[PDB]
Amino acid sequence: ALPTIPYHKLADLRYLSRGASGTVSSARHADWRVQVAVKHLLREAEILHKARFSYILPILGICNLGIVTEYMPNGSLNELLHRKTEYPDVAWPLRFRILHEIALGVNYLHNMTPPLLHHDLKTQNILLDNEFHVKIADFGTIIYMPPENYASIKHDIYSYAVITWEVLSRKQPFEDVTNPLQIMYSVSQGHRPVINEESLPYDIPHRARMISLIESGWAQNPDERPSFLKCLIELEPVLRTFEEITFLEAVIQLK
């Protein structure tokens, strides 16, 4: 049973971001005494109360039309990666925890009955909680879209491989390509964000393995791309090489 929130309970309302999916605004719940987020514009809402896991954005209720969720104080992964002035240093332990937690969230979705596929994964909708843990949300840009999409369980892995490339480089994929149709043409032809020392330096922990994960993930042939299970099996040994305190020290470095 999904609770019903009356619009008058959502005080201090302030727009966060717009979008085709709906307009998103922050607000403070008068009775709960916490910040929430509301998305203006019912059957799919219950389908998203079934999508309940540690790395999926938690839905708190329904406005009778808006969807109330938790407020992610640290915005999106896009901001963290590309606001190099606010964040000049983003340590590897945290970048690897983000990548691990994205794969966990997507894997849970794919493991539902029926398998729920996101099909719109992008750094913009990889949200960050107060401790910089990932919450997947938002079930214009094409840099994350597989070429065959210009209905497939191999869509999200393509998006994931691009996001991984971006997390590890802090570069905008197809940086020098202004026209999105020119990106779409280079991708249809099997060209991908560049892998070299300028984009992906040698100082990256487990560099070779990450490269092979990225390259297999963004493969032209959908069937040659891994499942999130194979991809999580590859990631588990990498994450084990980081001591718990290094993630905490990585976050404190951002504050």
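Take the two forms, superpose them, and find the largest set of C-alpha atoms that agree within 1.5 Å; that set is the rigid core. The numbering used is simple: start at 1 and walk along the sequence shown.
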- With the rigid core as the fit anchor, does 178-186 or 93-101 show bigger C-alpha shifts in 6 other deposited structures of this protein? 178-186
- Between 42-50 and 188-196, larger RMS Cα displacement in 6 other deposited structures of this protein after core fit: 42-50
- Among the other entries that model both neighbours of residue 21, does it go unmodelled in a third or more? yes
- Is residue 151 unbuilt in at least a third of the other PDB entries compared? yes
- Note on the structure: Per the record, the count of deposited residues between residue 150 and residue 151 that have no coordinates is 4 to 9
- Deposited residues absent from the coordinates between residue 41 and residue 42, none, 1 to 3, 4 to 9, or 10 or more? 10 or more
- So 112-120 or 130-138, which one's hotter by mean CA B-factor in the entry? 112-120
- Task: Between 156-164 and 179-187, name whichever shows the higher mean Cα B factor according to the PDB entry.
- Result: 179-187
- Query: Which has the highest CA B-factor per the PDB entry: 36, 214, 229, 47?
  - Reply: 47
- Based on the PDB record, which member of 62, 210, 219, 57 exhibits the highest Cα temperature factor? 62
- By the entry's values, the third containing the CA B factor of residue 244 is the middle
- B-factor third for the C-alpha atom of residue 251 within its chain: lowest
